[PDB]
Amino acid sequence: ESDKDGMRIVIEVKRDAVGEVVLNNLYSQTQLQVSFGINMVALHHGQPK
Amino acid sequence: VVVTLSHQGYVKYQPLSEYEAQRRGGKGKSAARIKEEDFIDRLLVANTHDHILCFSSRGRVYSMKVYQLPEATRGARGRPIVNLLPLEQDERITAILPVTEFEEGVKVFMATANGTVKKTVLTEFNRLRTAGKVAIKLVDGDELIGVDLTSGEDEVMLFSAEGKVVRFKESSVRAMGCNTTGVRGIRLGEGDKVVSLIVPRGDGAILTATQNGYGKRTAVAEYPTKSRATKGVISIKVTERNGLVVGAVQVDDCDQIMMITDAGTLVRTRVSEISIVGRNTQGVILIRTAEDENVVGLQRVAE
DNA sequence: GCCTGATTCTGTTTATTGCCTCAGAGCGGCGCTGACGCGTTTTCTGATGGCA
DNA sequence: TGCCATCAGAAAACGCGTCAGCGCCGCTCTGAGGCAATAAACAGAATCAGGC
């Protein structure tokens, strides 16, 4: 339901479930949480460092 | 919570705080709905964060946690249990043992109908896969009735369906393996079955019930101790109004009990109203049950 | 080039199936004992009514 | 369907009396248990697409 106001994604849970468990499972299995690898390499006086 | 199981198999648990304790002679309110041909089999009271061991009709053992059971209301009938456990075509659950944790070297005491006993170490059941494990080499139509946890030295009591009670030291029974039958515990007569198993732990009182809503309360110390594989004594006068014995449980003071008939009608009441009498005496009414109804459940509620 | 999720091996662990024992469990006969029938107390458990 | 009299009728202890099942001897034998072989699962590596 994203519009000009901003992002909006709606997920509806079943009547016999708990939202927190579903949210934790989505965190664990989907790309709602990702990893970023930092590696600072740049040229100094024409040499990698 | 309180857990109910149907004959075909429909598990359901609801909070205990919903029900309220009435007086002694109460009709009681309904608990769940029953199909055109069905009847509840057993009742259970346990906490949500507890392991339960389920014993099948062919000797298998399965493990589960309480909160994994479906949650429903009084109007609902529950869901089939075959989804939760990989049962066979006609295999049915007949006993549940709540275990808080596994520790030490305590033993599991299991007794079936026709007077057979068997002792195994709890360490064997620390981990179970999805498939079960054989626990008893059941023969013919024999079925499990009750299980419990016991220490090295304790006492065991067995109740029949005609008011016969046997009490003996558990040192006679020797620890055996998983794939064993067992020895004979009580010498039954003709057309009699074992209905309950109670391990006395400290001072208290013994409460018994019949199928027509009658019961009493006697002291523990009056029961004698003899050798195993022997006939017992008269636990309660069956007479005609009382009917057959349905079960018994050790309840101390300041506690409450719950009873359930074939079709719902759950009732909760205190224990101070029940008087104290001798062993060979018929008791007072506990449920004003209607015709064509039989009490088939009995549990203890602490505080 | 780097990080992750998904699929495919590979060694380990566990439940189940036969064979043959002996040692512990069960059966038969005997003395003797506890546990179950007897009336009077008694309190106590149902029935009845004020309805609430 | 739940709180108070108010009952009568009768369930239930208790000091005797006996015989019906206990313990205790003998003996006999069938089932746990040790031992070995199979066959599944379980869990950990190892490899392979995919996206910047």
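A, B, ... follow the sequence lines: proteins, then strands. Residue 1 opens every chain.
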*Asks:* Within the structure shown, what part of the strands sits under 4.0 Å from B/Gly177 by heavy-atom distance: base, sugar-phosphate, or nothing?
*Replies:*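 The answer is sugar-phosphate, as B/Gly177 gets under 4.0 Å only of primed atoms, P, OP1 or OP2.
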*Asks:* Between B/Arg92 and B/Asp41 (salt bridge meaning N to carboxylate O under 4.0 Å), is one present in this structure?
*Replies:*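 Judged by the 4.0 Å cut-off on N to carboxylate O distance, B/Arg92 and B/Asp41 do form a salt bridge.
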*Asks:* For the side chain of B/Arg279, starting at C-beta, report the closest nucleotide among C/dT16, C/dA15, C/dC36.
*Replies:*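 That would be C/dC36.
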*Asks:* Could you check D/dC25 and say if its sugar is north or south from the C1'-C2'-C3'-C4' sign?
*Replies:*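 Of the two classes, D/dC25 takes north, because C1'-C2'-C3'-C4' is positive.
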*Asks:* Using five pairs at each end of the helix from C/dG24-D/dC29 to C/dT41-D/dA12 to define an axis, what is the angle between those two axes, to 10°?
*Replies:*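 It comes to 70° between the two terminal axes.
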*Asks:* Just checking, any donor-acceptor pair under 3.5 angstrom between side chains of B/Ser235 and B/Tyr223?
*Replies:*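 Distance-only check fails for B/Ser235 and B/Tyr223.
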*Asks:* Which sits closer to the 5' end of DNA chain C, B/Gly182 or A/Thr30, going by the nucleotide each is nearest to?
*Replies:*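 Comparing both residues, the 5'-ward one is A/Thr30.
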*Asks:* Are B/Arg58 and B/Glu88 within salt-bridge range, i.e. N to O under 4.0 Å?
*Replies:*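 Yes, this pair counts.
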*Asks:* Heavy-atom nearest nucleotide on DNA chain C for B/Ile285 versus B/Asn179: which residue maps closer to 5'?
*Replies:*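 Here B/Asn179 is the residue nearer the 5' end.
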*Asks:* side-chain hydrogen bond (donor to acceptor under 3.5 Å, both in side chains) between B/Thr269 and B/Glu273: does it pass, once the steps are laid out?
*Replies:* CA-CA 9 Å; B/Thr269 177; B/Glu273 57 187 12; 2.6 Å; yes
*Asks:* So which one's nearest nucleotide on DNA chain D is more toward 5', B/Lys231 or B/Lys137?
*Replies:*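 Looking at DNA chain D, the more 5' nearest nucleotide goes with B/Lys231.
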*Asks:* Which residue lies toward the 5' end of DNA chain D, B/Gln22 or B/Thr225, if each is placed at its nearest nucleotide?
*Replies:*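 Result of the comparison: B/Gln22.
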*Asks:* Need the pucker for C/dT17. North if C1'-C2'-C3'-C4' is positive, south if negative.
*Replies:*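 It's north.
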*Asks:* Atom CZ of A/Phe36 to atom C1' of C/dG1: distance rounded to whole Å?
*Replies:*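 About 15 Å, once rounded to whole Å.
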*Asks:* Measure the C1'-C2'-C3'-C4' torsion in the sugar of D/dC4, then label it north if positive and south if negative.
*Replies:*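 The D/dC4 sugar sits on the north side, the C3'-endo region.
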*Asks:* Which nucleotide wins on minimum distance to the side chain of B/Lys226, given the candidates D/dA32, D/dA11, D/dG23?
*Replies:*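 The closest nucleotide is D/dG23.
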*Asks:* With respect to the side chain of B/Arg187, which nucleotide from C/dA15, C/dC27, D/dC22 is positioned closest?
*Replies:*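 Nearest nucleotide to the side chain: C/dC27.
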*Asks:* For a quick check of understanding: with a heavy-atom distance under 4.0 Å over all strands, which category does B/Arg288 fall into, base, sugar-phosphate or nothing?
*Replies:*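 B/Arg288: no heavy atom of the nucleic acid under 4.0 Å.
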*Asks:* Can a donor-acceptor pair be found between the side chains of B/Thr265 and B/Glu293 at a distance below 3.5 Å?
*Replies:*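 Absent: no donor and acceptor within the cut-off.
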*Asks:* With respect to the phosphate group of C/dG24, does any side-chain polar atom (N or O) of B/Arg184 fall under 4.0 Å of OP1 or OP2?
*Replies:*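 No, because none of the side-chain N or O atoms of B/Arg184 sits under 4.0 Å from OP1 or OP2 of C/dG24.
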*Asks:* Which heavy atom of B/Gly115 sits nearest a heavy atom of B/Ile186, and at what distance?
*Replies:*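 Heavy-atom minimum between the residues: CA-CG2, 3.6 Å.
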*Asks:* For the side chain of B/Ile234, starting at C-beta, report the closest nucleotide among C/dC36, C/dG26, D/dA32.
*Replies:*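 So the side chain of B/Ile234 is nearest to C/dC36.
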*Asks:* Would you mind checking if B/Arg74 and B/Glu18 are paired as a salt bridge, meaning a charged N to carboxylate O distance below 4.0 Å?
*Replies:*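 B/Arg74 and B/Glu18: salt-bridged.
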*Asks:* Are any of B/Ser227's side-chain N or O atoms less than 4.0 Å away from OP1 or OP2 of D/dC22?
*Replies:*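 Indeed not, no polar side-chain atom of B/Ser227 lies that close.
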*Asks:* OP1 or OP2 of C/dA15 less than 4.0 angstrom from a side-chain nitrogen or oxygen of B/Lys133, does that happen here?
*Replies:*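 Looking at the OP1 and OP2 atoms of C/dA15, one of them is under 4.0 Å from a side-chain N or O of B/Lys133.
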*Asks:* Please look at the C1'-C2'-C3'-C4' dihedral of D/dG26 and say whether its sugar is north or south.
*Replies:*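 Here the sugar adopts a north pucker, which is what a positive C1'-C2'-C3'-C4' value indicates.
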*Asks:* Which nucleotide sits closest to the side chain of B/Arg60: C/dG46, C/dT16, D/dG23?
*Replies:*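 Per side-chain heavy atoms of B/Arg60, the pick is C/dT16.
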*Asks:* Give B/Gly278 one of three labels, base, sugar-phosphate or nothing, depending on what nucleic acid heavy atoms sit under 4.0 Å from its own.
*Replies:*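 The answer is sugar-phosphate, as B/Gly278 gets under 4.0 Å only of primed atoms, P, OP1 or OP2.
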*Asks:* Taking the six-membered ring of B/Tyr10 as reference, does the NZ or CZ atom of B/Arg77 fall below 6.0 Å from its centre and within a 45° cone about the axis?
*Replies:*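 Yes, a cation-pi geometry holds between B/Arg77 and B/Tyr10.
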*Asks:* Side chain of B/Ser275 only, heavy atoms from C-beta on: which candidate in C/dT45, D/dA32, C/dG26 is closest?
*Replies:*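 Between C/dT45, D/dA32, C/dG26, the one nearest the side chain of B/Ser275 would be C/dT45.
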*Asks:* Let me know the distance between NZ of B/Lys27 and P of D/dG2, rounded to the nearest Å.
*Replies:*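 The answer, rounded to whole Å, is 8 Å.
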*Asks:* Rounding to a whole Å, what distance do you find between B/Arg241:CZ and C/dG46:P?
*Replies:*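 Distance, rounded to whole Å: 10 Å.
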*Asks:* Considering only side-chain heavy atoms of B/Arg23, which listed nucleotide, C/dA15, C/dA35, D/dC3, is closest?
*Replies:*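 From the listed options, D/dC3 comes nearest.
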*Asks:* Would you check if the side chain of B/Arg42 reaches a backbone N or O of B/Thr94 as a donor-acceptor pair within less than 3.5 Å?
*Replies:*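 Side chain of B/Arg42 to backbone of B/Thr94: a pair is present.
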*Asks:* Give a yes/no on whether any side-chain N or O of B/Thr230 is located under 4.0 angstrom from OP1 or OP2 of D/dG21.
*Replies:*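 Negative; the distance criterion is not met.
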*Asks:* Between C/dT4, D/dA13, C/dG46, spot the one nearest the side chain of A/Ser35, thanks.
*Replies:*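 Nearest listed nucleotide: C/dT4.
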*Asks:* Which pairs, protein N/O on one side and nucleotides 37-43 of chain D N/O on the other, fall under 3.5 Å?
*Replies:*
none

*Asks:* Between B/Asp142 (side chain only) and B/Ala113 (backbone N and O only), is there a donor and an acceptor less than 3.5 Å apart?
*Replies:*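 It does hold such a pair.
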*Asks:* Verify whether the stacking test passes for C/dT10 and C/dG11, with limits of 5.5 Å on the ring-centre separation and 30° on the angle between planes.
*Replies:*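 In short, yes, the neighbouring bases stack by the stated criterion.
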*Asks:* Charged N to carboxylate O below 4.0 Å: is that the case for B/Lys133 and B/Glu124?
*Replies:*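 Looking at B/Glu124 together with B/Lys133, the answer is yes, because their closest N to O distance falls below 4.0 Å.
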*Asks:* Hey, does B/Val134 reach any base, or is it just sugar-phosphate, or nothing, if we go heavy atoms under 4.0 Å?
*Replies:*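 Counting heavy atoms under 4.0 Å across all strands, the contact made by B/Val134 is with sugar-phosphate only.
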*Asks:* Checking contacts here: which listed nucleotide (C/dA15, D/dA13, D/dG33) is nearest the side-chain heavy atoms of B/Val277?
*Replies:*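 Of all the options, the side chain of B/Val277 is nearest to D/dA13.
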